[PDB]
Amino acid sequence: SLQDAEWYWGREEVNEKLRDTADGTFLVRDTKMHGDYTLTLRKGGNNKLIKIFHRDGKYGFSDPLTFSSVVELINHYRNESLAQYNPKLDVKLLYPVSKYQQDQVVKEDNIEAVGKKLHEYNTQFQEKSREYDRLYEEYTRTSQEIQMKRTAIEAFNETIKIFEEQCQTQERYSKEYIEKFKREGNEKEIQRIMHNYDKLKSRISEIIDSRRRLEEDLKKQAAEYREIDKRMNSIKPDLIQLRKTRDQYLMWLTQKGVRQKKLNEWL
Amino acid sequence: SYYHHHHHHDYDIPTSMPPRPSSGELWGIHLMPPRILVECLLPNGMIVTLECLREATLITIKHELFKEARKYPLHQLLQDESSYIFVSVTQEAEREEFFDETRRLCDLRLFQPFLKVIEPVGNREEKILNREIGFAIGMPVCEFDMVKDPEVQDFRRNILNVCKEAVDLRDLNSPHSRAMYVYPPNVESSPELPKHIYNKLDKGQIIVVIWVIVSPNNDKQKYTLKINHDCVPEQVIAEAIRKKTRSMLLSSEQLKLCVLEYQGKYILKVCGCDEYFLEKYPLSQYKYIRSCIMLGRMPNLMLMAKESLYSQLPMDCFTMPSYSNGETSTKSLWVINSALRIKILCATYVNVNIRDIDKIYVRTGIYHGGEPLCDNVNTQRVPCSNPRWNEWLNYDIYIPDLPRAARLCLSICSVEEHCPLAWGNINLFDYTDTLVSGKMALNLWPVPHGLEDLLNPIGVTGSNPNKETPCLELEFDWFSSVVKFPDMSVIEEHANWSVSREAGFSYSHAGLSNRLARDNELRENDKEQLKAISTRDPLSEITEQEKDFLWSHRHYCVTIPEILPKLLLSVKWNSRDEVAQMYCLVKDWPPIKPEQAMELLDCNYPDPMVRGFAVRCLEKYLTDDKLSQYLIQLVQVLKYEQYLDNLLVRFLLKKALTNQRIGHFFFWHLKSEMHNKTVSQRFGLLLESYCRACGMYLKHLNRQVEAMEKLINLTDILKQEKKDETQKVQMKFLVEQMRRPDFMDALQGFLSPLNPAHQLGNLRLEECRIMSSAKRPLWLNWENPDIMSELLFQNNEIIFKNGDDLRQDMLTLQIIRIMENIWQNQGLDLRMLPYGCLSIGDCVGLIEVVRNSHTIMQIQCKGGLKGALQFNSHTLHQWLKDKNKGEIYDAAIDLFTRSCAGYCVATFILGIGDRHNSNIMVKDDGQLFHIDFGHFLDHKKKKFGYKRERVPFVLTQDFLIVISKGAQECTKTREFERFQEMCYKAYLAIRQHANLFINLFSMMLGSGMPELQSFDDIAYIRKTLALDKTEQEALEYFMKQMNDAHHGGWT
Ligand SMILES: Cc1cc2cc([N+](=O)[O-])ccc2[nH]1
Ligand SMILES: Cc1ccnc(N)c1[N+](=O)[O-]
Ligand SMILES: [Cl-]
């Protein structure tokens, strides 16, 4: 029992079993010249490690020693909070999540064909992580390409300003040179000034049409940008559960037959 | 039969090198057409489209335009051309006046091909060389001027303090101290010589060579001394002159009197590169020398006239720029009598599949690195659609208990279907110490690759700048007055009180989690447990028992300074009572070694008082050498500062402006990360400071920057439009392009960014080529333009790589380099080759070429016999023998065996990508080194992984044969006993320094390297070093781990 004990396992791999569980989840760990066992309680995405000392029979945190076993001390705190021993620990040992992962995995006692599933799920996972990765590149390329368009538009608008000014700039200096003299040159002079001005505005006209045509592509880009995020967030939740099953399968195997080295062909 | 005739209906056959894109030379296009039409806008209002050569100078274009305008009307309304300057809109959207009329039309970064003519407004032309600055930076300085936020503008004004102080240290004892800035002495940290380096001398003597020039130039003269290793440049300068000016016409007395007049007119250069020996330091301390000893070379220094050196430096001439707490007695934080509550309001832009996702909510939490209270969310309201919660969230911490460095971390999520959409954090106090109150608009960031966690507090403080992303706005409680953080003056009193208070409690009480009987005596068993803790690495997380234990003993902990990191993580940052006291301990805690004090600048120590202490540690101990080694970690660790303006930023900025070797790399690492918006502004602001105050080096940097842009463009064309062309055709394109005059200009006269000691002269094009990789790296070659090219290297070559992302390599090579030092300076000679690497951009960089080295594969191609059948295990050895013959051979194996030993241990400890024939390299001299490291801490273990503790360097026969001269059954020689004994001694040597290696990796979490997303990424290094064990177990662990990859050898 005290070897089984559900939550008893007996540092890094603790934190990976504790990763992404809720406020209250726990388990127990084993230098012996340090202490004996170690309760690892999770509180708000952070791991609280509590020392278990063993001497004349008693197992305890410090003073309140009268609990004759390791399993004596934990059941007591599954019902109750940890604040009475040490102040800022008003959270219980709520979730003793250390099921040996026979809860699902198709209850398969096949050993071999559980390992086939582990390949299957790990191929789906590894496929899925590429799709997630692929899309993250698209996202970040698109974020960039968008802002380059946004900058380009300002540049366009600034270019336009210099040209809108230029068609106006000549009106002043040209229509001084129409009224003074007038007979001198006349249609000869003013035509070839009128030509220059007619170039200038149709150019502006092109430029503005060039900017518009960018902007329409910006919305289409910005639209696709949304569609990427949209589908990133569809893929994200499957990816965690497909991952979570592939931890529990791989755990269920490494309970009975150790076979740590046999795994790598499937995976 | 193969597939069970199962069709994949979806599949359709119709439908390397990835980090794009950018545009280069004109808005649309990478490479402007060789001949081009450009609209010249005149003051008179005429447009005159001018056909111009791509490469034409603006002087040429102006000159021709004022010829060609004559033929248009209104020519009488133009002035002389000399009363005009070109202006146009650049790709950065700013109207840049084009002052330097020597610049070429392709080099302008025009948006559209057009040019406006004007008489130069802004009569301080000089002042509008912030163009220089903004070119170096890659964003225009005017883009800052228009930033609303007053922190930014306060950074800019107040950081100038630092600049002006640095410029003063330069022009203090000039010209010497200026020369000292530009050409700092490149020396080791210790003058002590390791026993293996010494024993390569005649009881401490080296043969040297001092070269000299007399008339006109072009003849040089050797003066081959044999001075003491530990004699100094001045002494060596004398002996060179003595022997130079001995004669049959000069008495001995007469000689000394010619030596004294001559001696101080000279200083020692290194022949072949711009290093110089400018201060009292044992010759052996200068890095050049100590290499020449290790490599079996005779140092080649040059006697150079101080006045020809002081010819070459011009003045830095620092200019203060154009850009040159008022309420009342505001309310103290500790007067506010309420818990924190935070009004969430509405996210706007949440992109979710409503079919897929049920319901979405905002998660929140207060944090300090780790969290001051229960995390809380809000209700699952407005499940998707237009998500809107007008809640107040209520946090069980009294407003006075909020620590100065406190930060709110939030994240919109989806629903045990729990899943983060976006995130963003906010500093609860602003940069002026002011508790944040009112309405806030926070644009969110997307969840990165590895982060499955709901909330992400280690990520950067502040909004996202990308507008079109989930903006979740919110509101903070308003206490009728601007609330501020209490003074130190105030905090010191409240601590002194909490101390006096603590003395008069009952002992009855002192039996609950603090203080106790001990009093001023303590216990010896207690004092034993404390140093035992202290010695543990940072990642051996501490228990609540040990925290309370350490916290009670906080005053004894002053005896053991090095415990501080452990102690600080014991403080309850929510009990301001505790924190105020810790502020007083830290106030005058003993300073500690920089390798230890760097831990205190990671994410887990965000307090100002702590981080100040840490800067004080550095200010005291950390040398210009050791700063320059750890500089990446220090530039990175700026991401974890709360505000723009802070002590660490002021430390580094000053070092950068004081020592131009640091400055050089300090620029490039900042500039490197410029694309990344988590730091775009911070680092830009900072780079503006540096650039404004660094003296002439700006102009030098501006050439390096101009050169890299040319190269980025070139490769970007080669990778997008000259893919699906032959190497043949591509090369025709590369050489053609390189020969254009704008490239010739822009790629020939500059300093290597890999090391600005080396100059890059004319570029030998015949030896320039695109390597065979799909990423299309360029292999570039320059003529070393030194006076003594010949004595060091006649040609200089470095590889430019447009794909890839060097910064993982960058770090592992940096790690290697530190292990080499740790080893060698502790007397044991393992020769690692941390070949140089430098990222300058978004997957862009430079890699040092090592001449005369070959991938094992090449060895075996060049040793493979006749009809392709099987390669020989001996070819390596046979190829190596062919090079090294005689007594030379024996040392070539020793080298192989020494370098192989180190590369075995480093590789195993770092878990770098599996080693195999095409990424392991051996030299003519027989030294081994690894290239192309891939992913470091076993980052292919995200796919399965789990306690794999892999061996990446697996010594095949090939290696073993060479190690044991030539024996069959190699695993059995004493040659190999030694090798193993190297490996074990080295493995243990790194194990004693594992605190550092953790901390170095810890500091790098800041960067967006997928290999380093959070501390358990780093935790692989604990298993592989075996830190939770005794060293004897760790040895056996290593032997075990080593044994099973080779299947026999190790006991
Ligand atoms: C890219 C980079 C190369 C390098 C070389 C040394 N060094 O060995 O002197 C110090 C710091 C450095 N950073
Ligand atoms: C080291 C570690 C592991 C898990 N959660 C944490 N908060 C943590 N830490 O306190 O840096
Ligand atoms: Cl190389």
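If you go along the chain as it appears here, the first residue is 1 and each next one adds 1.
Header entry for method reads X-ray crystallography, 3.5 Å.
Each residue, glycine too, has its Cβ placed from N, Cα and C.
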Task: Looking at the candidate ranges B:119-127, B:911-919, report the one that Swiss-Prot labels region 'Catalytic loop'.
output: B:911-919
Query: Looking at B:294-300, B:770-776, B:854-860, which one does Swiss-Prot call region 'G-loop'?
result: B:770-776
Message: If I go by Swiss-Prot, the feature region 'Activation loop' sits on one of B:174-200, B:714-740, B:930-956. Which?
response: B:930-956
- request: Quickly jot the same-chain residues contacting the region 'Catalytic loop' (B:911-919) by Cβ under 8 Å, restricted to those at least six beyond its ends, or write none.
  value: 812, 855-857, 860, 930-938, 940, 950, 952-954, 1020-1021, 1024
Task: Can you grab the distance between C-alpha atoms at B:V415 and B:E416 for me, in Å and as a whole number, given the 7 missing residues?
output: 7
- prompt: Taking 3+ C-beta pairs under 8 angstroms (sequence gap of 6 or more) as contact, is the domain 'PI3K-RBD' (B:203-305) in contact with the domain 'PI3K/PI4K catalytic' (B:764-1050)?
  reply: yes
Message: Please count the residues of the domain 'PI3K-ABD' (B:32-121) that DSSP assigns to helix (H, G, I), strand (E, B) and coil.
response: 24 helix, 32 strand, 34 coil
- request: Since 10 residues are absent from the deposited coordinates between B:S324 and B:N325, report the CA-CA separation in Å as an integer.
  value: 20
- prompt: Near the region 'G-loop' (B:770-776), which same-chain residues lie under 8 Å Cβ to Cβ, leaving out any that are not at least 6 residues past its ends?
  reply: 16-17, 715, 718-719, 727, 730-731, 734, 799, 801-804
